[PDB]
Amino acid sequence: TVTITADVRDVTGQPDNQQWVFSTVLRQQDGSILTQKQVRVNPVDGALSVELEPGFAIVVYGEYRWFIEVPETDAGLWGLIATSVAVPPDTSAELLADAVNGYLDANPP
Amino acid sequence: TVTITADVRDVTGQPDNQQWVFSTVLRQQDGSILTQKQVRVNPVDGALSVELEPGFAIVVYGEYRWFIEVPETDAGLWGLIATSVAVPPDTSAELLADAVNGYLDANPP
Amino acid sequence: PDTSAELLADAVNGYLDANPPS
Amino acid sequence: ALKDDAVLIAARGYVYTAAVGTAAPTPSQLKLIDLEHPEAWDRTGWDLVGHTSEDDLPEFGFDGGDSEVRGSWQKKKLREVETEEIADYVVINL
Amino acid sequence: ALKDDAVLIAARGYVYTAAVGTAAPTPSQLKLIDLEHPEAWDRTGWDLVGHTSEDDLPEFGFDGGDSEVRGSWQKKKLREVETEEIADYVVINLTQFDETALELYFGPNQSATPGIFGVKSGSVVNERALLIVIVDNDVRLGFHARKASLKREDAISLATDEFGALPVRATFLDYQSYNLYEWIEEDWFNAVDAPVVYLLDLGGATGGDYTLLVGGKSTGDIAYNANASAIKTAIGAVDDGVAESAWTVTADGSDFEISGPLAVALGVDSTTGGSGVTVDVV
Amino acid sequence: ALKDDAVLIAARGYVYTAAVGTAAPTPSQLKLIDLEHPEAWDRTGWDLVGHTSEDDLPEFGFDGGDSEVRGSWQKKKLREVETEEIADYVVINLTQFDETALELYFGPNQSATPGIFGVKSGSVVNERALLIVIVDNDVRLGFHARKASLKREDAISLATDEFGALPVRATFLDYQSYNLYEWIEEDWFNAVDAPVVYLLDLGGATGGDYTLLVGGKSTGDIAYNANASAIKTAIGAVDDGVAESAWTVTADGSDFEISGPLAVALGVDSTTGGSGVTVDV
Amino acid sequence: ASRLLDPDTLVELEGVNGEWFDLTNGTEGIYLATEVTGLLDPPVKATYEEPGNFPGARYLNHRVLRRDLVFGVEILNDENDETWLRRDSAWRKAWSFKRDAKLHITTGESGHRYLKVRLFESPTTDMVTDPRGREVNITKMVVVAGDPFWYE
Amino acid sequence: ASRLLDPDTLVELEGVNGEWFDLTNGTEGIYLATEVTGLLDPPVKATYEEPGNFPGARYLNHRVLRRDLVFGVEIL
Amino acid sequence: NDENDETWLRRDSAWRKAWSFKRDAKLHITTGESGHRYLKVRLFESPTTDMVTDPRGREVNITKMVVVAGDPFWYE
């Protein structure tokens, strides 16, 4: 997991503590399954801070939905939102590797 | 008989304990009649394990449904799902064997 | 229903010989 | 598209009454019997109703039959249900 | 106007039923199948319903759809809301009196006797899959429902000079996460967004000039020899709001492909030699 | 009798949709746009709804509007009051069976596969902007609504010897403090008392050139010494649909009377003397 | 612009003998049947006193009351042990006055919660005609949650 | 797919003198009419108490009441 | 009922969070003719929604409010 952060204010510079929502498409990562649960995060008087697993994630706030690639090192959330990709993660190839890895873990030489 | 297992987490790396549902068509194993039941399993502290009788099973999880062949020895759950999705039953044995070969050449045993 | 697992098993077992082990 | 021979124009027809429970002519007999003379038939007891309208042919109505789709709380259309019993009739114009 | 090929006359058509959940022919198959013999084709288990009324055609309908615009206390019109849920159906007027029509109208035959169709008191469950093919010239619009419930819509009717009729209603029902019903035509739905192109052929001319119409008005003079830049200039130079940057012209040997936001036609030919100039819709 | 030019026969017309809140052609644009090619004009985003019924033209209906006269206790008829809120709509009869028309009638296609349009049991939200242009010889009505909700008005019509139909009701809804709907003609609504004449004054400049913004886009540069016919062609060249013959330029000394279908303004001047060139209404 | 509203809402009952019903998909032949009263907020009694001659009232208390859930289920009359009679008796076996069943609700954006529920009145089917002869029957449920909240 | 629903339900009254009536076949001229109340489950009175000034209510007890059957018979 | 965190579920939830039985919300009314006044208001019954069908599948929902002002005046 990697720490992703931002500072959050209203137009008058007072804190805004409305929730940010994090999710993903169902996938394996480090042998764990990441499961599409929507996770609600409150900013703590500004200061949004969430630990995320690297790779694809979905961000929701009010009306907006963004698709982000979480880096392998700590990052600012607005940089990931500004660089947001259009819909598709290319997940088709990963499932064959998962199958052959899971097979070799079940009956190794 | 056989033990099938996973570790299941949300996009933050915290546990996800939503139910996984296991079923099978009416069939015979070691003298037993196995029935059309749906069995609901909860991950405990994000760790999932269920004993399953080998051969055909149905796994449903949210919107997803998968048809899996449970092997005769203990295995990780995601490898069985990955086998069902990455390599459908009616696939060419030729091109999938060369795909397997290609990943093995990239990462030998 | 018929299921894929033996096919993938034969493909992996085949190439575990055809690219020999080490 | 299937049987042309099964398409029906009711250009002529005959209406009979009998005492309750009386059996009709068999399907084989109905191809052969004289329709103007029920006295000639093997299935006895039938009598003609007299002449009937050639404009106002026998009308095969029913009352009731009001019906509804039963539907889930999540809007799935499950099955049709009959609300009322279908009371089935013919109208004859003597 | 937009697509006159997509305008429909229901000039002929066919109705089939099958066991519940049965798959219909694919869009590519529907262009080719023999509509009189559903026993022959790749997706098996369709039977013809028999003959159907040649002027009281298959009539779509719905119940419910009672709907309300609800406004604020200050008379703003917010959104439009369904109040009574949409229940959706077809009426088919059947004109054979064979057991194949009577099984739709009355339910299963309650007699085992040869030559008898028996009916009893009680409710009937009468679920089928339904397929309707509508035909005009080379167009075949298909309609499919995986699960329809069949009932008597109205009385049997008889006349001295018209085919008698058994009117049935088929009401569409949910089944195994499939669509409630589908419309099938390969050309009309989920199709390729292919752009319109006009093929300018100079006819093998060897002298003189020509003048296109763009958007129904004249360009200047274009010499019998001209590159795509000179065509794109003459097309773009016309009085409409379209810029010379919006048009596209590209070569294919003797002919140019023209594309852009307006119609193109030939206005005047003053070329010499060849067939004379032609511009055609691709 | 009063104004025969305002009397309407709806002989032909066009129906368009766009994303909610999108702008229609201006009144001066509607008089000259190519109605069969909505990708050609500057108010982008409009698409044609396909063929519509040749009989059964658009019916501009309403629900509600029931009213009482309020009476006093002594039988005085005081005022008339509405009991139910007027919900305006238009009914449109679609007559082609392409995805263009089915997406208005059923909502979005529920099938991903080529050659199938699917429908499901949920509720559908189907909001659009709507434009109807009615053409009566050289007259053109616009009707525009920024937000209309679309639904099935009645069932699908099919016949042996007439076009099939897909009847839709478009119901006008409020959006972001705009009007609920707008009718469009430069000649009939908020009409000018007389044809507008602009004044162009060279301002005592000598030498160089200047550049008008006629109809909201830049002209070809005009020399300081240009006569009225030279200005007439310079305006009548970067057209946006209005030919040279539509304009009129006349003058007295350094003062030019400019008149025609579109607006006039000045964008660039060489600024060679005096005040520089200027333009006024 | 245009959209289909198709929520991911899952409704399940776990009965007092651990028997499960999916009331969304109806794989046991039973579905939740239109109008439901008493999901969402629990009933509250707010007490105000209006004494003397001063304007308005004083607040004294507010208390959450028991939930009275009222709902129906539509039971399809199919063949063999999938007849209405076998399904309505399997439905009846899941419920008690003395033991709690659980009603489970799951959504994509709020996750899983459940309510502990009992019979408050005997389940009822209308019998205009023999219900075994009807195509579908609705069984009407009046049920109580005496612990009125939804649990993770 | 296609099926007529005709249950094998047989209803009989044995009277206080041991006389019998078939209410399904009406061989005595009597049939059970439409609209029956009180077949299926008997009425239950459930009882709950308030826990003092706290959420919800507590189950005390439940009692099966007498069964009231309301029906009609069609006499030809 | 719009998309994302603007769905009906999320707005009916945000609406419910604004209210209580113990603490006052302020209902503010402004006009040109009298300017601004406010009323101190609390729940009297729990907010309710009709659930003829799943409210998440409905394009608009009405939530019914029964509220009390025990201090009954509009204040400047």
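Read from first to last, the chains carry the letters A, B, C, D, E, F, G, H and I; within each, the first residue is number 1.
Convention: a contact is a pair of C-beta atoms (placed from the backbone, for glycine too) under 8 Å apart; a residue touches a chain by one contact, two chains touch by 3 or more.
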*Whose C-alpha centre lies nearest the centre of all protein C-alpha atoms?*
E
*Averaged over CA atoms, how far is the centre of subunit A from the centre of subunit C? Could you give it in whole Å?*
35
*CA centre of subunit E versus CA centre of subunit I: separation in Å?*
48
*In whole angstrom, what separates the CA-based centres of subunit B and subunit F?*
60
*Listing for subunit H: what residues touch at least two other chains?*
3, 5-6
*Residue numbers of subunit C (touch at least two other chains)*: 8, 12, 16, 21
*What parts of subunit E, by residue number, touch at least two of the other chains?*
78-80, 82, 85, 122-123, 125, 174, 180
*Return all touching chain pairs.*
A-B, A-C, A-G, A-I, B-C, B-G, D-E, D-F, D-G, D-I, E-F, E-G, E-H, E-I, F-G, F-I, G-H, G-I
_Can you tell me which positions in subunit I touch subunit G when the two form their complex?_
1, 3, 7, 9-10, 16, 21-22, 42-54, 56-59, 68-73
*Contact set on subunit I toward subunit D in their complex*: 51, 53-54, 57
_With touch defined as at the start, can you tell me which subunit G residues reach subunit I in the complex?_
3, 5-7, 9, 34-37, 39-44, 46, 48, 55-59, 62, 107, 109-110
*asked:* Using the touch definition from the top, list the residues of subunit A that touch subunit I in their complex.
replied: 19, 21, 60-65
_Under the definition above, what is the set of subunit E residues touching subunit I in their complex?_
70, 78-82, 85
